[PDB]
Amino acid sequence: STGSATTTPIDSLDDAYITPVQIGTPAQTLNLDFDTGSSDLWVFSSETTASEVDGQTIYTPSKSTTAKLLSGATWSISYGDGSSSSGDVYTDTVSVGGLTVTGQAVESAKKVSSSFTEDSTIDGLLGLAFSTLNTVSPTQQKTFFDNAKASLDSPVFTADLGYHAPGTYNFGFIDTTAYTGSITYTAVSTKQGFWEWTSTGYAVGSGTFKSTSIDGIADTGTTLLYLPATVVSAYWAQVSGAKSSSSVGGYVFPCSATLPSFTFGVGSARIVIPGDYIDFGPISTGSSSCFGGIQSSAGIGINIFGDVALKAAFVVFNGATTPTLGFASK
Ligand SMILES: N=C1N[C@H]2[C@H](CS[C@H]2CCCCC(=O)O)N1
């Protein structure tokens with residue numbers, strides 16, 4: 001089997017991407033944030049505290065003939081940005097882009113934090129990291145991908161995120177028309193439950209490539225590119241007037257600037273992030289200070305290749321017995 005679904009930016013800045021997912025019988029379609037940095041499939045639901053729902057589409061298990069309470073199971077998750085959610089669990093049929101999993105754990109939110117409530121466009125998350133991070137207790141549950149894997153033509157999924165445009169998540173096949181040149185594969189460590197890999201270095205603009213190992217995670221659920229302070233300082237030093245602002249919460253730059261590109265290494269290959277991808281616009285409406293898309297990972301504890309980086313590439317998440325990650329230009 002295979003699946004193929006379009007993923008669409010939630011706003012004009014590509015802050016996140018939503019992908020329609022069919023849950024239950026008859027289908028209830030919810031727009032979920034596919035997140036390779038976490039491992040829970042959770043949704044706004046008929047059980048979500050009413051005051052914490054503001055425009056989201058909800059899953060109502062009582063209207064699904066295939067829903068079953070997973071008795072005794074609860075879940076609770078906190079993300080790197082401080083947001084959180086929690087609730088109980090149903091199993092139901094879940095389909096993505098024509099690919100169907102029966103008996104998928106669908107985690108029903110009883111509570112969500114303010115940032116979820118305030119984002120009317122995201123109806124929940126679909127985790128695509130390793131199932132060892134799944135938060136369901138007392139019986140940990142498998143991700144959609146892990147459940148689907150045996151049925152897939154090939155045990156892979158791919159992320160092809162657009163810049164200010166829709167893109168695609170495919171399951172079970174590699175679309176050889178979706179990228180240019182060749183795909184370069186690189187080793188993955190699953191020790192922390194993430195798609196964790198080591199970049200071979202970076203360049204700023206037309207500058208020389210610096211060979212240096214940068215361990216980090218391929219994370220579709222994070223907007224920005226978070227890298228060591230040394231790397232980030234070198235980038236922003238090439239932008240007149242750029243500075244790190246503790247009050248704003250990272251690097252800002254004059255909106256009048258033209259940003260340089262940023263290149264990261266994948267083995268001997270190079271992925272170039274155009275400068276415009278690094279512009280996240282005015283810090284507040286009407287401001288001439290703009291927020292940068294490359295930020296320091298100091299204090300996060302891990303480097304994160306978020307959407308800013310991933311949308312510059314066609315990315316293969318290879319879930320074979322020994323997982324690997326592939327990157328191609330496009
Ligand atoms: N600023 C927000 N944070 C949460 C809501 C909707 S997106 C969500 C954060 C998802 C993080 C995923 C992850 O860190 O792996 N708004």
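FYI, the numbering just counts along the sequence from 1. Values below: every heavy atom of this structure, side chains too, minus hydrogens, waters and symmetry copies.
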Quick one about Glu52 and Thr117 (side-chain donor to acceptor, distance below 3.5 Å, no hydrogens or angles considered), yes or no?
no

Would you find a donor on one side and an acceptor on the other, under 3.5 Å apart, between the side chain of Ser38 and the backbone of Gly127?
no

Are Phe264 and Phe305, when compared by the centres of their aromatic rings, separated by less than 6.0 Å?
yes

Are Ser78 and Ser84 close enough that a side-chain donor and a side-chain acceptor fall under 3.5 Å?
no

Quick one: does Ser64's side chain get under 4.5 Å of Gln28's, heavy atoms only?
yes

Could you list all the salt bridge (charged side-chain N to carboxylate O under 4.0 Å, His left out) pairs where at least one residue sits in residues 314-330, not counting sequence neighbours?
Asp160-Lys330

State whether a side-chain donor-acceptor pair under 3.5 Å links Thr135 with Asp40.
yes

Pair listing, salt bridge (charged side-chain N to carboxylate O under 4.0 Å, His left out) test, anchored in residues 248-266, at least two apart
none

Heavy-atom distance under 4.5 Å between the side chains of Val53 and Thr49, does that happen here?
no

Quick one: do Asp81 and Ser83 satisfy side chain to side chain donor-acceptor pair (under 3.5 Å)? Show the steps, please.
CA-CA 6 Å; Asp81 72 341; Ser83 63; 2.6 Å; yes

Which pairs, with at least one residue in residues 276-299 and sequence neighbours excluded, count as a ring-ring contact (aromatic ring centres under 6.0 Å, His included)?
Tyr163-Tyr277

Hey, can you pull the donor-acceptor pairs under 3.5 Å for the side chains in residues 204-215, sequence neighbours left out?
none

Can you sort out the partners of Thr7 under side-chain contact (heavy atoms from CB on, under 4.5 Å), two or more places apart, ordered by chain and number?
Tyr17, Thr19, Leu161, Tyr169

Decide side-chain contact (heavy atoms from CB on, under 4.5 Å) for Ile294 and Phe262; before the verdict, give the C-alpha distance in whole Å, the side-chain angles of both, and the deciding distance to 0.1 Å.
CA-CA 9 Å; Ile294 295 177; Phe262 183 89; 3.7 Å; yes

Scan for salt bridge (charged side-chain N to carboxylate O under 4.0 Å, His left out) pairs involving residues 258-283, sequence neighbours excluded, and state none if there are none.
none

Under a 4.5 Å cut-off applied to non-hydrogen side-chain atoms, are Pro323 and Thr190 in contact?
yes

I'd like to know if the side chain of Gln140 and the backbone of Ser137 have a donor-acceptor N/O pair within less than 3.5 Å.
no

In the structure I gave you, are the side-chain heavy atoms of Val308 and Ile273 within less than 4.5 Å of one another anywhere?
yes

Taking side chain as C-beta onward, heavy atoms only, is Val94 less than 4.5 Å from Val21?
yes

Can you check side chain to side chain donor-acceptor pair (under 3.5 Å) on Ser245 and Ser247, steps first, answer last?
CA-CA 5 Å; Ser245 170; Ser247 56; 2.9 Å; yes

What pairs with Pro282 under side-chain contact (heavy atoms from CB on, under 4.5 Å), at least two apart in sequence or on another chain?
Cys255, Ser287, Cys290

Should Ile217 and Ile302 be marked as a side-chain contact (heavy atoms from CB on, under 4.5 Å) after you check the CA-CA gap, both sets of side-chain angles, and the distance that decides it?
CA-CA 8 Å; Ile217 65 167; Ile302 198 157; 3.6 Å; yes

Sequence-distant partners of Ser76, side-chain contact (heavy atoms from CB on, under 4.5 Å), two or more places apart:
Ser86

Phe327 and ring-ring contact (aromatic ring centres under 6.0 Å, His included): which partner among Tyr185, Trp197, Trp195?
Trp197

Less than 4.5 Å apart, any side-chain heavy atom of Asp35 and any of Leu126?
no

Donor-acceptor check, side chain of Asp123 to backbone of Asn31, threshold 3.5 angstrom: yes or no?
yes

Does the side chain of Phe145 reach to within under 4.5 Å of the side chain of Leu152, using non-hydrogen atoms?
yes

Ignoring hydrogens, what is the shortest heavy-atom contact between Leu133 and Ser39? Give both atom names and the distance.
CB-OG, 3.6 Å

Report, one line per pair, each donor and acceptor closer than 3.5 Å where one atom sits in a side chain of residues 220-230; sequence neighbours left out.
from: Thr220; atom 1: OG1; to: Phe34; atom 2: O; distance (Å): 2.8
from: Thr220; atom 1: OG1; to: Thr36; atom 2: N; distance (Å): 2.9
from: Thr222; atom 1: OG1; to: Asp219; atom 2: OD2; distance (Å): 2.8
from: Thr223; atom 1: OG1; to: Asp15; atom 2: O; distance (Å): 2.6

Heavy-atom donor-acceptor pair, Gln56 side chain to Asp119 backbone, under 3.5 Å
yes

Could you pull out every donor-acceptor pair under 3.5 Å between side chains of residues 173-181 and any protein atom, sequence neighbours left out?
from: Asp175; atom 1: OD1; to: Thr177; atom 2: N; distance (Å): 2.9
from: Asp175; atom 1: OD1; to: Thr177; atom 2: OG1; distance (Å): 2.7
from: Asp175; atom 1: OD2; to: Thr177; atom 2: OG1; distance (Å): 3.4
from: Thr180; atom 1: OG1; to: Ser329; atom 2: O; distance (Å): 3.3

Which pairs count as side-chain hydrogen bond (donor to acceptor under 3.5 Å, both in side chains) when at least one residue sits in residues 311-322, sequence neighbours excluded?
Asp14-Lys311, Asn318-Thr324

For the side chain of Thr48 and the backbone of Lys111, is there at least one donor-acceptor N/O pair under 3.5 Å apart?
no

Looking at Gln104, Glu107, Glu47, which hits side-chain hydrogen bond (donor to acceptor under 3.5 Å, both in side chains) with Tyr90?
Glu47

For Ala257, enumerate each residue passing the side-chain contact (heavy atoms from CB on, under 4.5 Å) test, keeping only those at least two apart in sequence or located in another chain.
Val239, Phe253

Taking the side chain as C-beta and beyond, is there a heavy-atom pair between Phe171 and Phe144 under 4.5 Å?
yes

Run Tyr59 and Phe44 through side-chain contact (heavy atoms from CB on, under 4.5 Å) and show every step you take.
CA-CA 6 Å; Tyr59 168 60; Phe44 278 77; over 6 Å; no

Does the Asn134 side chain pair with the main chain of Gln141, one donor and one acceptor, at a distance under 3.5 Å?
yes

Does one side chain, of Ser297 or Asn303, offer a donor that lies under 3.5 Å from an acceptor on the other?
yes

